[PDB]
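Only one structure is covered here, and it is reproduced in the block below.
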Amino acid sequence: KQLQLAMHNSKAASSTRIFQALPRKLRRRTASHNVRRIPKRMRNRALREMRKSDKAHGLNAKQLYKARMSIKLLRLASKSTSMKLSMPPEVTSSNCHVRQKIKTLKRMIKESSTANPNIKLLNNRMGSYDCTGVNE
Amino acid sequence: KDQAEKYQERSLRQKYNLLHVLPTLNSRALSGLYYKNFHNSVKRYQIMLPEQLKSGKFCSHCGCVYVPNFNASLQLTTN
Amino acid sequence: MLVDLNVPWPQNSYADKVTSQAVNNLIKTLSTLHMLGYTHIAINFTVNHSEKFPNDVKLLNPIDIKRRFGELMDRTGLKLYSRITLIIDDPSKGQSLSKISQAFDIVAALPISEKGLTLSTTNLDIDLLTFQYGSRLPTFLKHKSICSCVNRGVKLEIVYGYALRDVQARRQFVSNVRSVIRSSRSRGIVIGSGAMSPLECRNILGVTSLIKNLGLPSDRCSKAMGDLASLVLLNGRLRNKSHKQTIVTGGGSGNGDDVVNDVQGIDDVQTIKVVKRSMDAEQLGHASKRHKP
Amino acid sequence: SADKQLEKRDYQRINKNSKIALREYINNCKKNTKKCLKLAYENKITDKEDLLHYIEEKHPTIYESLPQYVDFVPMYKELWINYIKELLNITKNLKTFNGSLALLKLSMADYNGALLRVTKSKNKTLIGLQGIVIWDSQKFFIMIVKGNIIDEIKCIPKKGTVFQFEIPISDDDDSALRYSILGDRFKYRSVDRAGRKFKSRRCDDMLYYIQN
RNA sequence: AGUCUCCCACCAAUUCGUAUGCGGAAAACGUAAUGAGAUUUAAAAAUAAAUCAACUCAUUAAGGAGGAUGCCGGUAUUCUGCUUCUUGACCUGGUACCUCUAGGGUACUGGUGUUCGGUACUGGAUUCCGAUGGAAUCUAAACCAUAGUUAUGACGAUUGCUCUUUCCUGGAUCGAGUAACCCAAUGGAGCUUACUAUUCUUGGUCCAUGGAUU
């Protein structure tokens with residue numbers, strides 16, 4: 001933090017150079033300093049989802065959507081920092097490892113509807129293909 | 001201004017007034033307003049609930065879901 | 001109406017008494033002001049905040065309107081109010097505005113320092129804020145600390161008695177007045193007249209002529225000594241006749257029956273109004289359905 | 001172990017039934033008066049006495065649904081002036097009176113049993129009304145009014161209106177005291193002993209009070 | 001105008017991979033239906049607190065098919081199925097594998113044990129090398145608005161509009177007003193506040209009050 005190095009750096013320039021202010025098309029204003037805030041509708045669903053305690057064994061009519069969206073809610077409210085729900089809901093104070101990994105992800109979704117045909121994945125790891133209609 | 005404890009007489013007089021309006025003209029089902037005013041004026045004084053275990057607790061008051069201050073001889077609005 | 005908010009009571013402070021010649025001059029100029037067409041007249045008092053007020057609360061105002069100017073009110077039917085203005089130079093000097101605001105009907109303060117200006121615009125119970133226009137104003141008038149005290153119950157006063165006295169004070173008067181109307185956005189302003197003799201008085205057509213030349217328009221200058229000064233009087237009078245502008249000790253209907261329009265009828269020593277019991281519970285509840293007034 | 005901190009689930013229900021009973025009572029009275037008055041145009045009964053008999057004998061079912069102003073008079077007003085008369089220590093010799101203190105007490109008093117009259121207002125279709133209040137809401141006064149032949153229940157706003165009321169003093173020439181209440185600075189009152197954020201405000205909307 | 005939010009570099013995934021009533025890239029953003037509360041409360045001061053309105057809060061995935069309530073195969077309403085899909089919490093213990101240099105990376109399987117990631121470019125001029133590439137030197141810039149830097153001035157001549165003196169979005173006359181709140185400083189989308197007292201103007205509602213209808 002010694003100005004001697006600053007003088008050594010400016011030795012590659014003049015004695016006392018003057019710099020212009022930025023052109024007005026390259027300026028930006030400072031945003032807020034506190035972390036972002038979540039919508040309330042995404043807070044209530046996650047809170048009620050974690051507070052919940054845990055005939056081909058599938059029986060999943062329209063409940064598949066409920067499971068496949070509860071998984072996303074659990075992941076979001078277990079990962080994001082902006083999620084400030086309450087004091088009790090935590091990753092370990094409520095069963096998050098056990099849930100959606102050995103309860104929902106495989107026992108429920110996988111065992112109801114078999115994966116549909118056309119398992120031709122792609123030739124890409126980014127979704128990219130053609131959308132053309134011959135004569136339509 | 002009001003003195004240290006000269007205000008006690010005023011408090012008790014105002015309490016007397018909002019108590020007296022209930023046993024007067026109590027044949028109208030709209031004594032609930034006066035009931036509510038009395039209770040708001042009894043909490044606002046932060047005073048311990050008035051001599052409860054005697055009256056005001058589900059007996060000798062609030063005969064139904066309103067406060068008609070039901071009379072002796074079992075008189076009631078009967079709604 | 002027509003109202004004048006300043007007529008100097010001849011006295012320095014609570015030290016010296018008043019000679020009779022000054023009182024006769026005051027009577028003569030009061031009669032002249034009545035002749036010009038003024039209905040309600042104030043009477044000012046100038047004391048500095050850094051002086052003791054007498055301990056005995058009865059003597060906080062020696063004007064004594066009820067028994068000094070009885071005959072003039074008898075003939076001309078004039079209405080006279082007392083007023084006080086305090087010099088504010090340095091805060092942290094004691095002598096709060098508790099009891100001095102009790103005896104009087106209007107309380108005002110003129111500041112002559114930076115601290116005085118800061119104190120007399122946000123955290124006081126005054127109703128008129130005045131400067132001294134015959135000297136240099138203490139501060140450049142901030143465009144925000146003056147417009148944010150008008151929204152309270154405070155107003156500004158312009159006295160033209162300095163524009164007819166000397167030659168050097170006219171320049172200061174013009175400059176300070178231009179500054180005040182510029183900074184205050186010209187919203188709440190009233191006009192008085194610090195006349196020391198009948199020669200210096202002017203009527204409504206001869207007070208607007210001067211002020212219209214310093215920037216202010218004509219309609220606003222007419223409203224200046226009109227209902228605005230009436231509202232100043234209303235705020236001044238609703239401080240010892242009511243608790244918080246909610247329960248007045250006033251009177252009934254009929255023109256000229258209010259808390260400001262009625263001066264003789266209210267016993268100010270006891271602040272009561274004993275009236276004839278003419279309205280009872282067994283009479284028809286409308287205007288004309290009952291005929292007896 | 002006797003507070004029963006959960007007996008307050010009827011106060012909510014009582015407060016909910018109150019505000020639904022009052023509306024129906026007011027509407028009932030207004031409709032009854034409006035219907036009853038229109039019977040006097042087809043007939044010749046113009047007095048407060050014979051209309052009572054006529055209605056109770058030709059339309060008797062709705063007879064028991066009228067105000068009857070006198071029922072509110074005998075002790076609900078004339079026997080509660082003594083309330084204020086004792087709240088301020090008012091007697092014959094009033095030389096011991098203390099102004100600005102009675103002004104303090106009256107600011108925190110109850111105005112259910114009292115007689116009110118309008119003196120000044122911004123609505124010149126309302127001057128002179130005299131009535132007996134029954135319930136003083138936040139945005140209204142509700143009172144009973146004695147008409148020439150039939151009584152009415154009138155609700156009049158507080159914003160932009162000045163009321164007065166008199167107080168008898170003694171038996172010396174039948175004098176009295178007179179007080180007046182404003183209408184724009186009445187919701188900011190302290191109901192009892194409180195002290196409540198008394199701010200400072202302008203007065204430019206209170207011009208009509210001294211307009212003449 | 002402001003003590004206020006969001007955007008003005010990218011992400012196939014240590015980056016809000018967030019299908020959540022509907023709109024929106026996002027927002028201290030807008031709006032629909034049902035329902036409930038106000039220091040006695042999820043909560044405000046000690047917005048509301050007679051009714052309607054206002055404040056706040058809770059619930060509600062799209063498409064398409066089937067049956068019925070109502071009116072002439074139809075639409076508004078009501079209950080039951082179906083389709084939409086990129087192996088995705090963090091930390092950590094095991095086995096198998098790897099073109100990686102005793103350690104790293106990948107597959108299958110067990111354990112409850114408030115801001116932090118990677119990749120990337122200065123403007124201009126001159127020079128050098130057997131090249132859609134590489135190398136060296138010098139000099140300061142990137143300065144850009146149909147208001148653009150604290151500028152928006154001094155006056156005249158017609159026509160509108162509101163009121164009004166006499167008349168015959170009707171026409172001609174007599175006479176007054178055209179205000180209040182206020183002002184750019186890099187730009188935009190939002191929100192929050194200030195105003196129009198016979199003193200510029202336009203439209204509604206009232207289980208507010210007074211009169212006439214009836």
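Identifiers for the structure tokens are assigned positionally: chains receive A, B, ... in sequence, residues are indexed from 1 per chain, and ligands are indexed from 1 in the order shown.
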All helix (DSSP H, G or I) positions in chain D, as number ranges by chain: D: 11-37, 50-58, 60-62, 69-72, 81-87, 102-106, 208-210
The selected residues should be written to file as a compact mmCIF listing (two decimals), in the first residue's frame (atoms: C-alpha atoms).
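Result went into result.txt, see below:
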```txt
# COMPACT_ATOMS: atom_id res chain seq x y z
CA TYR D 11 -66.28 -10.51 21.66
CA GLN D 12 -65.50 -11.05 17.98
CA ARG D 13 -68.92 -12.64 17.46
CA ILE D 14 -70.69 -9.95 19.50
CA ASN D 15 -68.90 -7.25 17.52
CA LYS D 16 -69.85 -9.02 14.28
CA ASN D 17 -73.54 -9.27 15.21
CA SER D 18 -73.67 -5.64 16.39
CA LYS D 19 -72.67 -4.13 13.04
CA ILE D 20 -75.19 -6.29 11.16
CA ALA D 21 -78.08 -5.63 13.56
CA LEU D 22 -77.61 -1.85 13.51
CA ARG D 23 -77.85 -1.59 9.72
CA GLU D 24 -81.10 -3.56 9.65
CA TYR D 25 -82.53 -1.51 12.52
CA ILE D 26 -81.79 1.77 10.75
CA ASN D 27 -83.15 0.52 7.43
CA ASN D 28 -86.28 -0.82 9.16
CA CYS D 29 -86.97 2.52 10.83
CA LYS D 30 -86.37 4.51 7.64
CA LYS D 31 -88.62 2.27 5.54
CA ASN D 32 -91.33 2.28 8.22
CA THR D 33 -91.38 6.08 8.37
CA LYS D 34 -91.35 6.41 4.57
CA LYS D 35 -94.26 3.98 4.21
CA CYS D 36 -96.27 5.42 7.11
CA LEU D 37 -96.02 9.04 5.96
CA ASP D 50 -104.38 10.30 15.91
CA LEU D 51 -101.83 8.82 13.49
CA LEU D 52 -100.79 6.45 16.28
CA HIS D 53 -104.32 5.08 16.64
CA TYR D 54 -104.88 4.96 12.89
CA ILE D 55 -101.71 2.98 12.20
CA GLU D 56 -102.11 0.67 15.19
CA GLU D 57 -105.70 -0.10 14.15
CA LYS D 58 -105.40 -0.37 10.35
CA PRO D 60 -101.09 -2.95 13.40
CA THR D 61 -98.19 -5.27 12.57
CA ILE D 62 -95.73 -2.47 11.72
CA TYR D 69 -88.98 9.97 20.21
CA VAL D 70 -90.54 10.47 23.65
CA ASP D 71 -89.31 7.00 24.67
CA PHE D 72 -85.75 8.33 24.37
CA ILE D 81 -77.48 15.72 32.00
CA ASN D 82 -76.80 15.07 35.68
CA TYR D 83 -73.89 12.89 34.53
CA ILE D 84 -71.95 15.83 33.08
CA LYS D 85 -73.38 18.09 35.79
CA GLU D 86 -71.57 15.94 38.37
CA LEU D 87 -68.51 15.19 36.22
CA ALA D 102 -63.43 21.29 32.10
CA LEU D 103 -62.22 21.70 28.53
CA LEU D 104 -59.87 18.80 29.28
CA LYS D 105 -62.54 16.57 30.82
CA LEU D 106 -65.15 17.17 28.11
CA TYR D 208 -66.39 28.73 7.01
CA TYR D 209 -66.33 28.91 10.81
CA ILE D 210 -65.48 32.63 10.62
```
Proximal residues of chain D relative to chain E (only C-alpha atoms (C1' of nucleotides); 10 Å) as an MDAnalysis selection string: chainID D and resid 5:12 15 18:27 30 38 123:127 135:140 142 154:157 190:197 204:205 207
Show which residues sit within 9 Å of stretch 17-24 of chain A, as a PDB file with N, CA and C atoms (P, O5', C5', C4', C3', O3' and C1' of nucleotides), in the first residue's frame. Count only C-alpha atoms (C1' of nucleotides), and ignore same-chain residues fewer than 6 positions away.
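Output file around21.pdb is given in full below:
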```
ATOM      1  N   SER A  10       3.276   5.060 -12.653  1.00  0.00           N
ATOM      2  CA  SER A  10       3.058   6.275 -13.427  1.00  0.00           C
ATOM      3  C   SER A  10       4.306   6.712 -14.180  1.00  0.00           C
TER       4      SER A  10
ATOM      5  P     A E 141      -6.841  12.523 -24.275  1.00  0.00           P
ATOM      6  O5'   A E 141      -7.445  12.313 -25.734  1.00  0.00           O
ATOM      7  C5'   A E 141      -8.790  11.895 -25.917  1.00  0.00           C
ATOM      8  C4'   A E 141      -8.860  10.541 -26.576  1.00  0.00           C
ATOM      9  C3'   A E 141     -10.234   9.895 -26.634  1.00  0.00           C
ATOM     10  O3'   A E 141     -11.014  10.374 -27.713  1.00  0.00           O
ATOM     11  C1'   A E 141      -8.644   8.316 -25.881  1.00  0.00           C
ATOM     12  P     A E 142     -12.584  10.646 -27.524  1.00  0.00           P
ATOM     13  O5'   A E 142     -13.196   9.208 -27.212  1.00  0.00           O
ATOM     14  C5'   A E 142     -13.216   8.193 -28.204  1.00  0.00           C
ATOM     15  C4'   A E 142     -13.621   6.856 -27.633  1.00  0.00           C
ATOM     16  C3'   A E 142     -15.026   6.765 -27.066  1.00  0.00           C
ATOM     17  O3'   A E 142     -16.003   6.583 -28.073  1.00  0.00           O
ATOM     18  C1'   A E 142     -13.497   5.748 -25.575  1.00  0.00           C
ATOM     19  P     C E 143     -17.386   7.397 -28.019  1.00  0.00           P
ATOM     20  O5'   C E 143     -16.944   8.924 -28.103  1.00  0.00           O
ATOM     21  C5'   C E 143     -17.019   9.772 -26.962  1.00  0.00           C
ATOM     22  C4'   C E 143     -17.695  11.080 -27.288  1.00  0.00           C
ATOM     23  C3'   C E 143     -16.879  12.041 -28.148  1.00  0.00           C
ATOM     24  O3'   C E 143     -17.759  12.797 -28.977  1.00  0.00           O
ATOM     25  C1'   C E 143     -17.366  13.054 -26.075  1.00  0.00           C
ATOM     26  P     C E 144     -18.246  12.215 -30.393  1.00  0.00           P
ATOM     27  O5'   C E 144     -19.834  12.229 -30.283  1.00  0.00           O
ATOM     28  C5'   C E 144     -20.618  11.270 -30.973  1.00  0.00           C
ATOM     29  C4'   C E 144     -21.655  10.650 -30.071  1.00  0.00           C
ATOM     30  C3'   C E 144     -22.882  11.497 -29.766  1.00  0.00           C
ATOM     31  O3'   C E 144     -23.858  11.427 -30.790  1.00  0.00           O
ATOM     32  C1'   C E 144     -22.049  10.521 -27.766  1.00  0.00           C
ATOM     33  P     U E 186     -26.546  12.934 -14.470  1.00  0.00           P
ATOM     34  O5'   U E 186     -26.787  12.073 -15.788  1.00  0.00           O
ATOM     35  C5'   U E 186     -26.587  12.646 -17.069  1.00  0.00           C
ATOM     36  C4'   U E 186     -26.890  11.675 -18.183  1.00  0.00           C
ATOM     37  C3'   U E 186     -28.268  11.035 -18.182  1.00  0.00           C
ATOM     38  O3'   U E 186     -29.296  11.879 -18.664  1.00  0.00           O
ATOM     39  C1'   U E 186     -26.649   9.383 -18.586  1.00  0.00           C
TER      40        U E 186
END
```
Neighbour list for stretch 49-60 of chain B as a ChimeraX atom specification, cut-off 9 Å, only C-alpha atoms (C1' of nucleotides), skip fewer than 6 positions in-chain: /B:42-43,69-72 /D:2-3,7
Please produce an output containing N, CA and C atoms for each residue in the selection, written as a PDB file, in the first residue's frame.
```
ATOM      1  N   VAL B  42     -63.024  -0.765  29.500  1.00  0.00           N
ATOM      2  CA  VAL B  42     -62.495  -1.498  30.644  1.00  0.00           C
ATOM      3  C   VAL B  42     -61.122  -2.104  30.369  1.00  0.00           C
ATOM      4  N   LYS B  43     -60.799  -2.454  29.121  1.00  0.00           N
ATOM      5  CA  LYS B  43     -59.413  -2.800  28.823  1.00  0.00           C
ATOM      6  C   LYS B  43     -58.510  -1.580  28.718  1.00  0.00           C
ATOM      7  N   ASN B  69     -78.424  -8.374  27.934  1.00  0.00           N
ATOM      8  CA  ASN B  69     -78.472  -8.324  29.392  1.00  0.00           C
ATOM      9  C   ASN B  69     -79.775  -8.951  29.893  1.00  0.00           C
ATOM     10  N   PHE B  70     -79.879 -10.258  29.653  1.00  0.00           N
ATOM     11  CA  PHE B  70     -81.134 -10.967  29.863  1.00  0.00           C
ATOM     12  C   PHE B  70     -81.633 -10.787  31.292  1.00  0.00           C
ATOM     13  N   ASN B  71     -82.928 -10.517  31.409  1.00  0.00           N
ATOM     14  CA  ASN B  71     -83.543 -10.126  32.664  1.00  0.00           C
ATOM     15  C   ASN B  71     -83.841 -11.346  33.527  1.00  0.00           C
ATOM     16  N   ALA B  72     -84.202 -11.081  34.780  1.00  0.00           N
ATOM     17  CA  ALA B  72     -84.788 -12.121  35.605  1.00  0.00           C
ATOM     18  C   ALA B  72     -86.122 -12.557  35.005  1.00  0.00           C
TER      19      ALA B  72
ATOM     20  N   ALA D   2     -57.466 -18.560  36.226  1.00  0.00           N
ATOM     21  CA  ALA D   2     -58.876 -18.241  36.046  1.00  0.00           C
ATOM     22  C   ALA D   2     -59.100 -17.109  35.050  1.00  0.00           C
ATOM     23  N   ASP D   3     -58.070 -16.683  34.316  1.00  0.00           N
ATOM     24  CA  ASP D   3     -58.244 -15.595  33.360  1.00  0.00           C
ATOM     25  C   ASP D   3     -59.149 -16.006  32.205  1.00  0.00           C
ATOM     26  N   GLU D   7     -61.807 -16.569  26.292  1.00  0.00           N
ATOM     27  CA  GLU D   7     -63.210 -16.175  26.260  1.00  0.00           C
ATOM     28  C   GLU D   7     -63.461 -15.055  25.265  1.00  0.00           C
TER      29      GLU D   7
END
```
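From atom CA of residue C:4 back to atom CA of residue C:250, the distance works out to 23.8 Å.
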Based on only C-alpha atoms, which of the residues in chain B come within 9 Å of chain D? I want them as a PDB file with N, CA and C atoms, in the first residue's frame.
```
ATOM      1  N   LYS B   1     -54.330  20.962  34.724  1.00  0.00           N
ATOM      2  CA  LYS B   1     -53.952  19.585  34.437  1.00  0.00           C
ATOM      3  C   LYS B   1     -54.580  18.623  35.437  1.00  0.00           C
ATOM      4  N   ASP B   2     -54.390  17.329  35.206  1.00  0.00           N
ATOM      5  CA  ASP B   2     -54.887  16.303  36.109  1.00  0.00           C
ATOM      6  C   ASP B   2     -53.818  15.957  37.135  1.00  0.00           C
ATOM      7  N   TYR B   7     -57.579  11.794  39.222  1.00  0.00           N
ATOM      8  CA  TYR B   7     -58.183  11.168  38.053  1.00  0.00           C
ATOM      9  C   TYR B   7     -58.976   9.912  38.389  1.00  0.00           C
ATOM     10  N   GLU B   9     -61.430   9.520  40.517  1.00  0.00           N
ATOM     11  CA  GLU B   9     -62.853   9.833  40.559  1.00  0.00           C
ATOM     12  C   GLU B   9     -63.437   9.925  39.158  1.00  0.00           C
ATOM     13  N   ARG B  10     -62.715  10.564  38.236  1.00  0.00           N
ATOM     14  CA  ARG B  10     -63.206  10.651  36.866  1.00  0.00           C
ATOM     15  C   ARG B  10     -63.306   9.274  36.228  1.00  0.00           C
ATOM     16  N   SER B  11     -62.300   8.427  36.452  1.00  0.00           N
ATOM     17  CA  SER B  11     -62.332   7.085  35.883  1.00  0.00           C
ATOM     18  C   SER B  11     -63.536   6.305  36.394  1.00  0.00           C
ATOM     19  N   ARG B  13     -66.353   7.494  37.654  1.00  0.00           N
ATOM     20  CA  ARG B  13     -67.598   8.075  37.154  1.00  0.00           C
ATOM     21  C   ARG B  13     -67.875   7.667  35.712  1.00  0.00           C
ATOM     22  N   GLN B  14     -66.851   7.678  34.859  1.00  0.00           N
ATOM     23  CA  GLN B  14     -67.055   7.277  33.472  1.00  0.00           C
ATOM     24  C   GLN B  14     -67.390   5.789  33.383  1.00  0.00           C
ATOM     25  N   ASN B  17     -71.024   5.473  34.246  1.00  0.00           N
ATOM     26  CA  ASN B  17     -71.885   5.825  33.122  1.00  0.00           C
ATOM     27  C   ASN B  17     -71.977   4.688  32.117  1.00  0.00           C
ATOM     28  N   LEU B  18     -70.837   4.184  31.643  1.00  0.00           N
ATOM     29  CA  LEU B  18     -70.977   3.137  30.636  1.00  0.00           C
ATOM     30  C   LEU B  18     -71.493   1.824  31.204  1.00  0.00           C
ATOM     31  N   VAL B  21     -75.834   2.342  31.206  1.00  0.00           N
ATOM     32  CA  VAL B  21     -76.614   2.395  29.973  1.00  0.00           C
ATOM     33  C   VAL B  21     -77.149   1.022  29.584  1.00  0.00           C
ATOM     34  N   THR B  24     -80.697   0.057  31.318  1.00  0.00           N
ATOM     35  CA  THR B  24     -81.707   1.043  30.951  1.00  0.00           C
ATOM     36  C   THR B  24     -82.015   0.908  29.469  1.00  0.00           C
ATOM     37  N   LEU B  25     -83.296   0.719  29.144  1.00  0.00           N
ATOM     38  CA  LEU B  25     -83.750   0.489  27.772  1.00  0.00           C
ATOM     39  C   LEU B  25     -82.999  -0.685  27.141  1.00  0.00           C
ATOM     40  N   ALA B  29     -82.272  -5.140  20.789  1.00  0.00           N
ATOM     41  CA  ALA B  29     -81.156  -6.023  20.463  1.00  0.00           C
ATOM     42  C   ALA B  29     -79.892  -5.274  20.117  1.00  0.00           C
ATOM     43  N   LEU B  30     -79.869  -3.947  20.222  1.00  0.00           N
ATOM     44  CA  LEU B  30     -78.697  -3.158  19.874  1.00  0.00           C
ATOM     45  C   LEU B  30     -77.923  -2.679  21.092  1.00  0.00           C
ATOM     46  N   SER B  31     -78.091  -3.333  22.242  1.00  0.00           N
ATOM     47  CA  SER B  31     -77.241  -3.049  23.389  1.00  0.00           C
ATOM     48  C   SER B  31     -75.835  -3.598  23.199  1.00  0.00           C
ATOM     49  N   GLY B  32     -75.607  -4.360  22.127  1.00  0.00           N
ATOM     50  CA  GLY B  32     -74.270  -4.837  21.833  1.00  0.00           C
ATOM     51  C   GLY B  32     -73.275  -3.717  21.612  1.00  0.00           C
ATOM     52  N   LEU B  33     -73.719  -2.610  21.011  1.00  0.00           N
ATOM     53  CA  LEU B  33     -72.836  -1.464  20.826  1.00  0.00           C
ATOM     54  C   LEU B  33     -72.336  -0.961  22.170  1.00  0.00           C
ATOM     55  N   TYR B  34     -73.255  -0.816  23.123  1.00  0.00           N
ATOM     56  CA  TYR B  34     -72.897  -0.290  24.432  1.00  0.00           C
ATOM     57  C   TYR B  34     -72.041  -1.289  25.198  1.00  0.00           C
ATOM     58  N   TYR B  35     -72.315  -2.581  25.015  1.00  0.00           N
ATOM     59  CA  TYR B  35     -71.480  -3.641  25.566  1.00  0.00           C
ATOM     60  C   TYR B  35     -70.039  -3.520  25.080  1.00  0.00           C
ATOM     61  N   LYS B  36     -69.885  -3.370  23.762  1.00  0.00           N
ATOM     62  CA  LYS B  36     -68.565  -3.257  23.156  1.00  0.00           C
ATOM     63  C   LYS B  36     -67.844  -2.013  23.649  1.00  0.00           C
ATOM     64  N   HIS B  39     -66.567  -2.686  27.164  1.00  0.00           N
ATOM     65  CA  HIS B  39     -65.387  -3.544  27.236  1.00  0.00           C
ATOM     66  C   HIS B  39     -64.143  -2.844  26.698  1.00  0.00           C
ATOM     67  N   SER B  41     -63.634   0.294  27.022  1.00  0.00           N
ATOM     68  CA  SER B  41     -63.268   1.223  28.079  1.00  0.00           C
ATOM     69  C   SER B  41     -62.763   0.530  29.336  1.00  0.00           C
ATOM     70  N   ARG B  44     -59.014  -0.470  28.175  1.00  0.00           N
ATOM     71  CA  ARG B  44     -58.185   0.720  28.010  1.00  0.00           C
ATOM     72  C   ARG B  44     -57.674   1.241  29.347  1.00  0.00           C
ATOM     73  N   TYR B  45     -58.351   0.904  30.441  1.00  0.00           N
ATOM     74  CA  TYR B  45     -57.904   1.264  31.779  1.00  0.00           C
ATOM     75  C   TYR B  45     -56.931   0.255  32.362  1.00  0.00           C
ATOM     76  N   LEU B  49     -60.065  -7.435  35.268  1.00  0.00           N
ATOM     77  CA  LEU B  49     -61.437  -7.654  34.817  1.00  0.00           C
ATOM     78  C   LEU B  49     -62.407  -7.485  35.979  1.00  0.00           C
ATOM     79  N   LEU B  53     -65.823 -13.985  38.087  1.00  0.00           N
ATOM     80  CA  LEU B  53     -66.309 -15.123  38.858  1.00  0.00           C
ATOM     81  C   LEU B  53     -67.618 -14.795  39.564  1.00  0.00           C
ATOM     82  N   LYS B  57     -69.176 -13.422  33.087  1.00  0.00           N
ATOM     83  CA  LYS B  57     -68.565 -14.628  32.537  1.00  0.00           C
ATOM     84  C   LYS B  57     -69.682 -15.627  32.251  1.00  0.00           C
ATOM     85  N   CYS B  62     -74.916 -11.362  28.360  1.00  0.00           N
ATOM     86  CA  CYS B  62     -74.736 -11.983  27.046  1.00  0.00           C
ATOM     87  C   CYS B  62     -75.552 -13.277  26.934  1.00  0.00           C
ATOM     88  N   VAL B  65     -75.938 -14.899  21.276  1.00  0.00           N
ATOM     89  CA  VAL B  65     -74.849 -14.311  20.510  1.00  0.00           C
ATOM     90  C   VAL B  65     -75.244 -12.878  20.161  1.00  0.00           C
ATOM     91  N   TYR B  66     -75.274 -12.056  21.206  1.00  0.00           N
ATOM     92  CA  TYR B  66     -75.494 -10.618  21.242  1.00  0.00           C
ATOM     93  C   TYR B  66     -75.503 -10.314  22.732  1.00  0.00           C
ATOM     94  N   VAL B  67     -75.571  -9.056  23.143  1.00  0.00           N
ATOM     95  CA  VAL B  67     -75.701  -8.828  24.580  1.00  0.00           C
ATOM     96  C   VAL B  67     -76.996  -8.085  24.873  1.00  0.00           C
TER      97      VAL B  67
END
```
Interface, chain C side, toward chain D (10 Å; only C-alpha atoms) as a PyMOL selection string: chain C and resi 1+125+150-154+227-228+230-232+234-235+240-261+268-290
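Proximity ranking of A:91, A:105, A:126, A:31 relative to chain E places A:126 first, based on only C-alpha atoms (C1' of nucleotides).
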Against chain A, which residues of chain E fall within 10 Å? For each one I want the closest pair of atoms and the distance in Å (one decimal), counting only C-alpha atoms (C1' of nucleotides), rows by chain and increasing residue number, as a Markdown table.
```
| residue | atom | partner | partner_atom | distance |
| --- | --- | --- | --- | --- |
| E:4 | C1' | A:32 | CA | 10.0 |
| E:5 | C1' | A:32 | CA | 8.2 |
| E:6 | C1' | A:31 | CA | 8.6 |
| E:8 | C1' | A:28 | CA | 7.8 |
| E:12 | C1' | A:126 | CA | 5.4 |
| E:16 | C1' | A:80 | CA | 6.6 |
| E:17 | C1' | A:72 | CA | 9.8 |
| E:18 | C1' | A:76 | CA | 8.0 |
| E:19 | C1' | A:69 | CA | 8.2 |
| E:20 | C1' | A:42 | CA | 7.4 |
| E:28 | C1' | A:37 | CA | 9.5 |
| E:61 | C1' | A:65 | CA | 9.2 |
| E:81 | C1' | A:61 | CA | 8.5 |
| E:82 | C1' | A:61 | CA | 9.3 |
| E:85 | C1' | A:115 | CA | 9.2 |
| E:86 | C1' | A:127 | CA | 7.9 |
| E:88 | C1' | A:75 | CA | 9.2 |
| E:89 | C1' | A:75 | CA | 5.2 |
| E:90 | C1' | A:79 | CA | 7.9 |
| E:111 | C1' | A:97 | CA | 9.7 |
| E:112 | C1' | A:92 | CA | 5.9 |
| E:113 | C1' | A:92 | CA | 8.1 |
| E:114 | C1' | A:35 | CA | 6.3 |
| E:115 | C1' | A:35 | CA | 6.6 |
| E:140 | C1' | A:19 | CA | 9.8 |
| E:141 | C1' | A:20 | CA | 8.6 |
| E:142 | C1' | A:23 | CA | 7.2 |
| E:143 | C1' | A:23 | CA | 5.7 |
| E:144 | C1' | A:23 | CA | 6.5 |
| E:186 | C1' | A:24 | CA | 4.9 |
| E:187 | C1' | A:25 | CA | 8.4 |
```
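Note that atom CA of residue C:178 and atom CA of residue C:224 are 16.2 Å apart.
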Shell around residue E:38 at 10 Å using only C-alpha atoms (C1' of nucleotides), local window under 3 positions removed, as a VMD selection string: chain E and resid 41 43 to 44 47 to 49 55 to 56
Polymer residues at most 12 Å from residue E:106, only C-alpha atoms (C1' of nucleotides), same-chain spacing of 3 or more positions, as a PyMOL selection string: chain E and resi 96-98+100
Within 7 Å of residue C:183 using only C-alpha atoms (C1' of nucleotides), minus same-chain residues under 5 positions, as a PyMOL selection string: chain C and resi 141-143
Expected answer as number ranges by chain: chain E residues within 12 Å of chain C, only C-alpha atoms (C1' of nucleotides): E: 180-182, 194, 197, 199, 210
